[PDB]
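input19.txt (compact mmCIF, N, CA and C atoms)
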# COMPACT_ATOMS: atom_id res chain seq x y z
N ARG Z 59 -73.78 -104.56 -31.68
CA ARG Z 59 -73.23 -103.22 -31.53
C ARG Z 59 -74.27 -102.14 -31.79
N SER Z 60 -75.05 -102.28 -32.86
CA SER Z 60 -76.07 -101.29 -33.18
C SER Z 60 -77.28 -101.36 -32.26
N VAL Z 61 -77.38 -102.40 -31.43
CA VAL Z 61 -78.35 -102.38 -30.34
C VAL Z 61 -78.03 -101.24 -29.38
N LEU Z 62 -76.78 -101.13 -28.96
CA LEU Z 62 -76.36 -99.99 -28.16
C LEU Z 62 -76.23 -98.78 -29.08
N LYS Z 63 -77.19 -97.86 -28.98
CA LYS Z 63 -77.16 -96.62 -29.74
C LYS Z 63 -76.21 -95.60 -29.12
N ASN Z 64 -75.67 -95.91 -27.95
CA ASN Z 64 -74.79 -95.04 -27.19
C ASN Z 64 -73.42 -95.70 -27.11
N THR Z 65 -72.91 -96.09 -28.29
CA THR Z 65 -71.93 -97.15 -28.51
C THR Z 65 -70.65 -96.99 -27.69
N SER Z 66 -69.80 -96.02 -28.04
CA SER Z 66 -68.78 -95.41 -27.18
C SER Z 66 -67.70 -96.32 -26.60
N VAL Z 67 -67.90 -97.64 -26.58
CA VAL Z 67 -66.92 -98.59 -26.05
C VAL Z 67 -66.83 -99.82 -26.94
N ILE Z 68 -67.80 -100.00 -27.84
CA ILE Z 68 -67.89 -101.26 -28.56
C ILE Z 68 -66.79 -101.34 -29.60
N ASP Z 69 -66.42 -100.21 -30.19
CA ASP Z 69 -65.22 -100.16 -31.01
C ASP Z 69 -63.98 -100.44 -30.17
N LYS Z 70 -63.95 -99.91 -28.94
CA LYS Z 70 -62.82 -100.11 -28.03
C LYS Z 70 -62.66 -101.58 -27.66
N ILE Z 71 -63.73 -102.20 -27.16
CA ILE Z 71 -63.62 -103.60 -26.76
C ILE Z 71 -63.55 -104.53 -27.97
N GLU Z 72 -64.07 -104.10 -29.12
CA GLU Z 72 -63.98 -104.91 -30.33
C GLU Z 72 -62.55 -104.95 -30.84
N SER Z 73 -61.89 -103.80 -30.88
CA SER Z 73 -60.48 -103.78 -31.24
C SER Z 73 -59.60 -104.33 -30.12
N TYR Z 74 -60.13 -104.40 -28.90
CA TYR Z 74 -59.41 -105.08 -27.83
C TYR Z 74 -59.42 -106.59 -28.03
N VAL Z 75 -60.55 -107.13 -28.49
CA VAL Z 75 -60.62 -108.55 -28.80
C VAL Z 75 -59.82 -108.87 -30.05
N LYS Z 76 -59.95 -108.04 -31.10
CA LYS Z 76 -59.15 -108.22 -32.31
C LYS Z 76 -57.67 -107.97 -32.07
N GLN Z 77 -57.34 -107.19 -31.04
CA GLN Z 77 -55.95 -107.06 -30.61
C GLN Z 77 -55.44 -108.38 -30.04
N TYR Z 78 -56.21 -108.98 -29.14
CA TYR Z 78 -55.85 -110.24 -28.52
C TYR Z 78 -56.42 -111.43 -29.29
N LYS Z 79 -56.76 -111.23 -30.56
CA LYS Z 79 -57.16 -112.29 -31.48
C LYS Z 79 -56.03 -113.31 -31.68
N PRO Z 80 -54.73 -112.91 -31.74
CA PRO Z 80 -53.69 -113.90 -31.41
C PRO Z 80 -53.54 -114.09 -29.91
N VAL Z 81 -54.34 -114.99 -29.34
CA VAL Z 81 -54.46 -115.18 -27.90
C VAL Z 81 -53.14 -115.62 -27.28
N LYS Z 82 -52.71 -116.84 -27.62
CA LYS Z 82 -51.51 -117.50 -27.14
C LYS Z 82 -51.40 -118.82 -27.88
N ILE Z 83 -50.18 -119.21 -28.23
CA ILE Z 83 -49.96 -120.49 -28.88
C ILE Z 83 -50.08 -121.62 -27.86
N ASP Z 84 -50.21 -122.84 -28.37
CA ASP Z 84 -50.42 -124.01 -27.53
C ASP Z 84 -49.11 -124.52 -26.93
N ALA Z 85 -49.14 -125.72 -26.35
CA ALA Z 85 -47.96 -126.29 -25.70
C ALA Z 85 -47.70 -127.68 -26.26
N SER Z 86 -47.01 -127.75 -27.39
CA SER Z 86 -46.44 -129.00 -27.88
C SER Z 86 -44.99 -129.13 -27.43
N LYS Z 87 -44.78 -128.95 -26.12
CA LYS Z 87 -43.42 -128.83 -25.60
C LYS Z 87 -42.77 -130.19 -25.44
N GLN Z 88 -43.53 -131.19 -25.01
CA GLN Z 88 -42.99 -132.52 -24.80
C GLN Z 88 -42.74 -133.20 -26.14
N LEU Z 89 -41.47 -133.40 -26.45
CA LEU Z 89 -41.06 -134.36 -27.46
C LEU Z 89 -39.81 -135.11 -27.03
N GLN Z 90 -39.34 -134.91 -25.80
CA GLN Z 90 -38.11 -135.48 -25.29
C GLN Z 90 -38.31 -136.35 -24.06
N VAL Z 91 -39.14 -135.91 -23.12
CA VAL Z 91 -39.41 -136.74 -21.95
C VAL Z 91 -40.52 -137.75 -22.24
N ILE Z 92 -41.49 -137.39 -23.09
CA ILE Z 92 -42.57 -138.29 -23.45
C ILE Z 92 -42.05 -139.46 -24.28
N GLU Z 93 -41.04 -139.22 -25.12
CA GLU Z 93 -40.44 -140.31 -25.86
C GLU Z 93 -39.59 -141.19 -24.96
N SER Z 94 -39.10 -140.64 -23.84
CA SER Z 94 -38.42 -141.48 -22.86
C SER Z 94 -39.41 -142.37 -22.11
N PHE Z 95 -40.61 -141.84 -21.80
CA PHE Z 95 -41.64 -142.68 -21.19
C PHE Z 95 -42.04 -143.82 -22.11
N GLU Z 96 -42.29 -143.53 -23.39
CA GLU Z 96 -42.62 -144.64 -24.29
C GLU Z 96 -41.40 -145.48 -24.65
N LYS Z 97 -40.19 -144.98 -24.41
CA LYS Z 97 -39.00 -145.79 -24.58
C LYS Z 97 -38.90 -146.86 -23.50
N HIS Z 98 -39.11 -146.46 -22.24
CA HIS Z 98 -39.22 -147.44 -21.16
C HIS Z 98 -40.40 -148.38 -21.37
N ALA Z 99 -41.48 -147.85 -21.96
CA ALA Z 99 -42.64 -148.67 -22.28
C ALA Z 99 -42.31 -149.76 -23.29
N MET Z 100 -41.70 -149.37 -24.41
CA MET Z 100 -41.33 -150.35 -25.43
C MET Z 100 -40.25 -151.30 -24.91
N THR Z 101 -39.37 -150.81 -24.04
CA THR Z 101 -38.34 -151.64 -23.41
C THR Z 101 -38.95 -152.77 -22.60
N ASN Z 102 -39.72 -152.42 -21.57
CA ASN Z 102 -40.30 -153.42 -20.68
C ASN Z 102 -41.35 -154.26 -21.41
N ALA Z 103 -42.01 -153.68 -22.41
CA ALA Z 103 -43.00 -154.41 -23.19
C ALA Z 103 -42.35 -155.49 -24.03
N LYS Z 104 -41.25 -155.17 -24.73
CA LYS Z 104 -40.61 -156.20 -25.54
C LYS Z 104 -39.88 -157.22 -24.68
N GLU Z 105 -39.40 -156.81 -23.49
CA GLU Z 105 -38.91 -157.78 -22.51
C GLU Z 105 -39.98 -158.80 -22.15
N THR Z 106 -41.16 -158.31 -21.76
CA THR Z 106 -42.28 -159.17 -21.42
C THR Z 106 -42.72 -160.03 -22.60
N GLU Z 107 -42.79 -159.44 -23.79
CA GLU Z 107 -43.29 -160.13 -24.97
C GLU Z 107 -42.36 -161.26 -25.40
N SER Z 108 -41.05 -160.99 -25.42
CA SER Z 108 -40.08 -162.03 -25.74
C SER Z 108 -40.06 -163.12 -24.68
N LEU Z 109 -40.20 -162.75 -23.40
CA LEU Z 109 -40.19 -163.75 -22.34
C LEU Z 109 -41.41 -164.66 -22.41
N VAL Z 110 -42.59 -164.09 -22.68
CA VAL Z 110 -43.78 -164.93 -22.72
C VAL Z 110 -43.84 -165.74 -24.02
N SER Z 111 -43.29 -165.20 -25.12
CA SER Z 111 -43.27 -165.95 -26.37
C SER Z 111 -42.28 -167.10 -26.30
N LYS Z 112 -41.24 -166.96 -25.48
CA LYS Z 112 -40.37 -168.10 -25.20
C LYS Z 112 -41.05 -169.10 -24.28
N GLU Z 113 -41.57 -168.63 -23.14
CA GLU Z 113 -42.03 -169.53 -22.10
C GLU Z 113 -43.33 -170.23 -22.44
N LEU Z 114 -44.12 -169.71 -23.39
CA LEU Z 114 -45.31 -170.42 -23.85
C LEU Z 114 -44.94 -171.74 -24.51
N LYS Z 115 -44.04 -171.69 -25.50
CA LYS Z 115 -43.59 -172.91 -26.15
C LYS Z 115 -42.71 -173.75 -25.22
N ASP Z 116 -42.00 -173.10 -24.29
CA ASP Z 116 -41.23 -173.83 -23.29
C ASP Z 116 -42.11 -174.70 -22.40
N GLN J 4 -107.77 -78.04 -33.99
CA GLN J 4 -108.26 -78.17 -32.62
C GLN J 4 -107.29 -77.51 -31.65
N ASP J 5 -107.65 -76.30 -31.20
CA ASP J 5 -106.76 -75.50 -30.36
C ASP J 5 -106.50 -76.13 -29.00
N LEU J 6 -107.44 -76.94 -28.51
CA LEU J 6 -107.22 -77.86 -27.40
C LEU J 6 -106.01 -78.72 -27.72
N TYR J 7 -106.17 -79.54 -28.76
CA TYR J 7 -105.14 -80.47 -29.21
C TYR J 7 -103.85 -79.75 -29.54
N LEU J 8 -103.93 -78.70 -30.34
CA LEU J 8 -102.73 -78.05 -30.85
C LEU J 8 -101.95 -77.36 -29.74
N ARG J 9 -102.62 -76.63 -28.85
CA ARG J 9 -101.86 -75.91 -27.82
C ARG J 9 -101.35 -76.85 -26.74
N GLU J 10 -102.11 -77.90 -26.40
CA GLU J 10 -101.61 -78.92 -25.49
C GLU J 10 -100.39 -79.63 -26.07
N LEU J 11 -100.44 -79.98 -27.36
CA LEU J 11 -99.33 -80.70 -27.96
C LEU J 11 -98.12 -79.80 -28.19
N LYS J 12 -98.34 -78.50 -28.43
CA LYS J 12 -97.20 -77.61 -28.59
C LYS J 12 -96.52 -77.33 -27.26
N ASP J 13 -97.28 -77.17 -26.17
CA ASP J 13 -96.63 -77.09 -24.86
C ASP J 13 -95.99 -78.42 -24.49
N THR J 14 -96.61 -79.52 -24.92
CA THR J 14 -96.10 -80.86 -24.68
C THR J 14 -94.76 -81.08 -25.37
N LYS J 15 -94.60 -80.52 -26.57
CA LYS J 15 -93.33 -80.62 -27.26
C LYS J 15 -92.33 -79.61 -26.71
N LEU J 16 -92.79 -78.38 -26.47
CA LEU J 16 -91.91 -77.24 -26.26
C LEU J 16 -91.31 -77.18 -24.87
N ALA J 17 -92.09 -77.46 -23.82
CA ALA J 17 -91.53 -77.34 -22.48
C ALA J 17 -90.46 -78.40 -22.16
N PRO J 18 -90.47 -79.60 -22.76
CA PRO J 18 -89.23 -80.39 -22.80
C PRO J 18 -88.29 -80.10 -23.96
N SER J 19 -88.67 -79.24 -24.92
CA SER J 19 -87.74 -78.94 -26.00
C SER J 19 -86.59 -78.06 -25.53
N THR J 20 -86.76 -77.34 -24.43
CA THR J 20 -85.65 -76.68 -23.77
C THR J 20 -84.81 -77.64 -22.92
N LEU J 21 -85.25 -78.89 -22.77
CA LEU J 21 -84.48 -79.91 -22.08
C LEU J 21 -83.71 -80.83 -23.02
N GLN J 22 -84.16 -80.99 -24.26
CA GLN J 22 -83.58 -81.97 -25.16
C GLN J 22 -83.02 -81.37 -26.44
N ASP J 23 -83.77 -80.48 -27.09
CA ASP J 23 -83.31 -79.91 -28.35
C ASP J 23 -82.20 -78.88 -28.13
N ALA J 24 -82.52 -77.79 -27.44
CA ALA J 24 -81.54 -76.79 -27.06
C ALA J 24 -81.10 -77.07 -25.63
N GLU J 25 -79.79 -77.20 -25.46
CA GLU J 25 -79.19 -77.50 -24.16
C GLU J 25 -79.22 -76.33 -23.20
N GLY J 26 -80.42 -75.97 -22.76
CA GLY J 26 -80.60 -74.89 -21.81
C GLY J 26 -80.98 -75.51 -20.48
N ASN J 27 -80.28 -76.59 -20.14
CA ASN J 27 -80.52 -77.34 -18.90
C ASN J 27 -81.99 -77.66 -18.74
N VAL J 28 -82.62 -77.03 -17.75
CA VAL J 28 -84.03 -77.23 -17.47
C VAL J 28 -84.51 -76.12 -16.55
N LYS J 29 -85.24 -75.15 -17.11
CA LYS J 29 -85.75 -74.05 -16.30
C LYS J 29 -86.50 -74.48 -15.03
N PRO J 30 -87.50 -75.44 -15.05
CA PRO J 30 -88.21 -75.72 -13.79
C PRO J 30 -87.42 -76.54 -12.78
N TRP J 31 -86.55 -77.44 -13.24
CA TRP J 31 -85.78 -78.27 -12.32
C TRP J 31 -84.65 -77.45 -11.71
N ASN J 32 -84.60 -77.40 -10.39
CA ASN J 32 -83.48 -76.76 -9.70
C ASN J 32 -82.19 -77.60 -9.73
N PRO J 33 -82.20 -78.94 -9.60
CA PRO J 33 -80.98 -79.69 -9.92
C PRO J 33 -80.75 -79.73 -11.42
N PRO J 34 -79.50 -79.73 -11.87
CA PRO J 34 -79.22 -79.81 -13.30
C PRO J 34 -79.39 -81.23 -13.83
N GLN J 35 -79.53 -81.33 -15.15
CA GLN J 35 -79.74 -82.60 -15.84
C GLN J 35 -78.48 -83.09 -16.53
N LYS J 36 -77.55 -82.19 -16.86
CA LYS J 36 -76.32 -82.60 -17.54
C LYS J 36 -75.34 -83.40 -16.68
N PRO J 37 -74.98 -83.04 -15.38
CA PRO J 37 -74.03 -83.88 -14.64
C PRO J 37 -74.68 -85.04 -13.90
N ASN J 38 -75.64 -85.71 -14.54
CA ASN J 38 -76.21 -86.93 -13.98
C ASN J 38 -75.99 -88.11 -14.92
N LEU J 39 -76.60 -88.12 -16.11
CA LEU J 39 -76.46 -89.25 -17.02
C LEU J 39 -75.25 -89.14 -17.96
N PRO J 40 -74.99 -88.04 -18.68
CA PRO J 40 -73.81 -88.02 -19.55
C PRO J 40 -72.49 -87.73 -18.85
N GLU J 41 -72.49 -87.39 -17.56
CA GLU J 41 -71.22 -87.14 -16.87
C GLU J 41 -70.97 -88.08 -15.72
N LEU J 42 -71.85 -88.11 -14.72
CA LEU J 42 -71.61 -88.94 -13.54
C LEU J 42 -71.89 -90.40 -13.84
N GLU J 43 -73.10 -90.69 -14.30
CA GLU J 43 -73.46 -92.04 -14.68
C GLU J 43 -73.19 -92.32 -16.15
N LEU J 44 -72.33 -91.54 -16.81
CA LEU J 44 -71.73 -92.01 -18.06
C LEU J 44 -70.81 -93.19 -17.77
N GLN J 45 -70.18 -93.18 -16.60
CA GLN J 45 -69.52 -94.35 -16.05
C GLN J 45 -70.48 -95.23 -15.26
N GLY J 46 -71.78 -95.03 -15.45
CA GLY J 46 -72.84 -95.77 -14.80
C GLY J 46 -72.82 -97.28 -14.85
N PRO J 47 -72.82 -97.89 -16.05
CA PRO J 47 -72.72 -99.35 -16.12
C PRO J 47 -71.38 -99.88 -15.64
N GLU J 48 -70.32 -99.09 -15.73
CA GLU J 48 -69.05 -99.44 -15.13
C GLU J 48 -68.90 -98.88 -13.72
N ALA J 49 -69.91 -98.16 -13.22
CA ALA J 49 -70.16 -98.08 -11.79
C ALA J 49 -71.14 -99.15 -11.35
N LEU J 50 -71.86 -99.75 -12.30
CA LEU J 50 -72.68 -100.93 -12.06
C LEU J 50 -71.92 -102.22 -12.28
N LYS J 51 -70.83 -102.19 -13.05
CA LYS J 51 -69.90 -103.30 -13.15
C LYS J 51 -68.54 -102.86 -12.62
N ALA J 52 -67.56 -103.76 -12.75
CA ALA J 52 -66.21 -103.44 -12.32
C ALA J 52 -65.45 -102.72 -13.43
N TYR J 53 -64.79 -101.64 -13.07
CA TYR J 53 -63.90 -100.96 -13.99
C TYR J 53 -62.52 -101.61 -13.95
N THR J 54 -61.75 -101.40 -15.02
CA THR J 54 -60.33 -101.70 -15.26
C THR J 54 -59.94 -103.17 -15.13
N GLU J 55 -60.88 -104.05 -14.82
CA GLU J 55 -60.64 -105.48 -15.04
C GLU J 55 -61.75 -106.14 -15.83
N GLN J 56 -63.00 -105.76 -15.58
CA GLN J 56 -64.13 -106.37 -16.25
C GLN J 56 -64.44 -105.67 -17.57
N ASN J 57 -64.40 -104.34 -17.57
CA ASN J 57 -64.77 -103.57 -18.75
C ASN J 57 -63.58 -103.32 -19.66
N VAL J 58 -62.38 -103.21 -19.08
CA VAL J 58 -61.14 -103.28 -19.86
C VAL J 58 -60.88 -104.71 -20.32
N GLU J 59 -61.49 -105.69 -19.65
CA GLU J 59 -61.74 -107.08 -20.03
C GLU J 59 -60.54 -108.01 -19.84
N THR J 60 -59.34 -107.50 -19.50
CA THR J 60 -58.16 -108.27 -19.09
C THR J 60 -57.77 -109.36 -20.09
N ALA J 61 -57.25 -108.92 -21.24
CA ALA J 61 -56.67 -109.86 -22.19
C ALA J 61 -55.42 -110.45 -21.55
N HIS J 62 -55.60 -111.57 -20.85
CA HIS J 62 -54.62 -112.11 -19.93
C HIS J 62 -53.97 -113.33 -20.56
N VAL J 63 -52.65 -113.40 -20.47
CA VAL J 63 -51.91 -114.54 -20.98
C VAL J 63 -52.20 -115.74 -20.08
N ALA J 64 -52.34 -116.91 -20.69
CA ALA J 64 -52.59 -118.11 -19.91
C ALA J 64 -51.33 -118.51 -19.15
N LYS J 65 -51.50 -118.80 -17.86
CA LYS J 65 -50.38 -119.21 -17.02
C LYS J 65 -49.93 -120.60 -17.43
N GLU J 66 -48.71 -120.69 -17.94
CA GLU J 66 -48.25 -121.88 -18.65
C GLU J 66 -47.86 -122.96 -17.65
N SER J 67 -48.65 -124.03 -17.60
CA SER J 67 -48.26 -125.24 -16.89
C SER J 67 -47.43 -126.13 -17.82
N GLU J 68 -46.58 -126.96 -17.22
CA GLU J 68 -45.59 -127.73 -17.96
C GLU J 68 -45.87 -129.22 -17.88
N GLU J 69 -44.94 -129.99 -18.43
CA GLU J 69 -44.90 -131.44 -18.32
C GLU J 69 -44.23 -131.76 -16.97
N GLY J 70 -44.00 -133.04 -16.66
CA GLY J 70 -43.42 -133.45 -15.40
C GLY J 70 -41.94 -133.17 -15.23
N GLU J 71 -41.53 -131.92 -15.49
CA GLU J 71 -40.19 -131.37 -15.24
C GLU J 71 -39.09 -132.09 -16.01
N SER J 72 -39.47 -132.84 -17.06
CA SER J 72 -38.57 -133.47 -18.04
C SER J 72 -37.52 -134.37 -17.39
N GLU J 73 -37.92 -135.07 -16.32
CA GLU J 73 -37.01 -135.93 -15.57
C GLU J 73 -37.57 -137.35 -15.59
N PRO J 74 -37.15 -138.15 -16.58
CA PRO J 74 -37.63 -139.52 -16.75
C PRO J 74 -36.60 -140.60 -16.40
N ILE J 75 -35.95 -140.48 -15.25
CA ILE J 75 -34.96 -141.47 -14.83
C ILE J 75 -35.22 -141.88 -13.39
N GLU J 76 -34.93 -140.96 -12.47
CA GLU J 76 -35.12 -141.18 -11.04
C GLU J 76 -36.57 -141.37 -10.65
N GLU J 77 -37.51 -141.09 -11.54
CA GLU J 77 -38.91 -141.39 -11.30
C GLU J 77 -39.44 -142.57 -12.10
N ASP J 78 -39.00 -142.77 -13.35
CA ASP J 78 -39.47 -143.93 -14.11
C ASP J 78 -38.92 -145.24 -13.56
N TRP J 79 -37.69 -145.24 -13.05
CA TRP J 79 -37.18 -146.49 -12.52
C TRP J 79 -37.80 -146.80 -11.16
N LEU J 80 -38.17 -145.77 -10.39
CA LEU J 80 -38.94 -146.02 -9.18
C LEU J 80 -40.36 -146.45 -9.52
N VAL J 81 -40.91 -145.96 -10.64
CA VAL J 81 -42.20 -146.45 -11.13
C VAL J 81 -42.10 -147.92 -11.53
N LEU J 82 -40.98 -148.32 -12.14
CA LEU J 82 -40.82 -149.71 -12.55
C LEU J 82 -40.61 -150.63 -11.35
N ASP J 83 -39.91 -150.14 -10.32
CA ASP J 83 -39.74 -150.92 -9.09
C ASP J 83 -41.06 -151.03 -8.31
N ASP J 84 -41.81 -149.94 -8.23
CA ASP J 84 -43.13 -149.99 -7.60
C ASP J 84 -44.11 -150.79 -8.45
N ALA J 85 -43.84 -150.92 -9.75
CA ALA J 85 -44.69 -151.74 -10.60
C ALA J 85 -44.37 -153.22 -10.43
N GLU J 86 -43.10 -153.55 -10.18
CA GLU J 86 -42.75 -154.87 -9.64
C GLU J 86 -43.51 -155.15 -8.35
N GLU J 87 -43.57 -154.15 -7.46
CA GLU J 87 -44.31 -154.31 -6.20
C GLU J 87 -45.81 -154.51 -6.43
N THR J 88 -46.42 -153.73 -7.33
CA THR J 88 -47.85 -153.88 -7.57
C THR J 88 -48.16 -155.17 -8.32
N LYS J 89 -47.23 -155.66 -9.15
CA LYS J 89 -47.44 -156.94 -9.79
C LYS J 89 -47.26 -158.10 -8.81
N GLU J 90 -46.40 -157.93 -7.80
CA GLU J 90 -46.38 -158.87 -6.69
C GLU J 90 -47.66 -158.77 -5.87
N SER J 91 -48.35 -157.62 -5.94
CA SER J 91 -49.71 -157.56 -5.40
C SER J 91 -50.75 -157.99 -6.43
N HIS J 92 -50.46 -157.86 -7.73
CA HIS J 92 -51.40 -158.35 -8.75
C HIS J 92 -51.46 -159.87 -8.72

Translate the structure described by the file into structure tokens.
Amino acid sequence: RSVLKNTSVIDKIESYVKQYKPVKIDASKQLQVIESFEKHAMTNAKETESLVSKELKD
Amino acid sequence: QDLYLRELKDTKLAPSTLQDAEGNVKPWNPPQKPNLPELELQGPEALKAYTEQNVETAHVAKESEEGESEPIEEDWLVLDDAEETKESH
């Protein structure tokens, strides 16, 4: 800022950045469809696991 | 040294009516005030873009979503196509 001796905007853009210093929050939105994806995952996985654990000894 | 002294006093003084006291500029017929502090005071923002670049556009991020929260009509088609790919596996 003190490099520009003709400052005139640096307070403006500095308080503009400090204004938007709370930029935007993130997106932790998925907690319902993602658990359905891993629900189908655990479903078909335990189907496969029980079937192969049976058929190996079979 | 009257050489030195009178040269340096004219050297200081004839621009001292241009910088110290705002009496424009006696020898210059165009004025000096409506060039740098008025017209080209917007100079670097006539050299850059105004109202988007220099105002800097604190812009909200355009929010993209998850896959529309529909895990039925697509996951079961994924499982049927996965039967198909395992028949190709």

Enclose region 94-112 of chain Z, meaning all of its atoms listed in the file, in a box aligned along x, y and z, pad it by 3 Å on each side, and list the centre and edge lengths in Å to one decimal, as lines of an AutoDock Vina configuration file.
center_x = -41.1
center_y = -154.9
center_z = -23.5
size_x = 11.5
size_y = 34.5
size_z = 11.7

> chain Z residues within 7 Å of chain J, counting only N, CA and C atoms: which ones, as a PyMOL selection string?
Replying inline: chain Z and resi 78+81-82+88+90-91+94-95

>> Report, in Å with one decimal, the straight-line distance from atom C of residue 51 (chain J) to CA of residue 80 (chain Z).
In response: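 Going from atom C of residue 51 (chain J) over to CA of residue 80 (chain Z) covers 26.4 Å.
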
>> Applying 12 Å and only C-alpha atoms, which residues near region 10-19 of chain J remain after dropping the ones on its own chain fewer than 3 positions away? List them as a ChimeraX atom specification.
In response: /J:4-7,22-31,35

> By how many Å are CA of residue 62 (chain Z) and atom N of residue 79 (chain Z) apart?
Replying inline: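 Between these atoms lies a distance of 22.7 Å.
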
> So how far away is atom N of residue 36 (chain J) from atom N of residue 54 (chain J), in Å?
Replying inline: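 Atom N of residue 36 (chain J) lies 24.9 Å from atom N of residue 54 (chain J).
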
> Which residue out of J:65, J:8, J:43, J:80 has the minimum interatomic distance to residue 84 (chain Z) when only C-alpha atoms are used?
Replying inline: J:65

>> Just list as a count of residues only whatever in chain J DSSP marks as alpha helix (DSSP H).
In response: 34
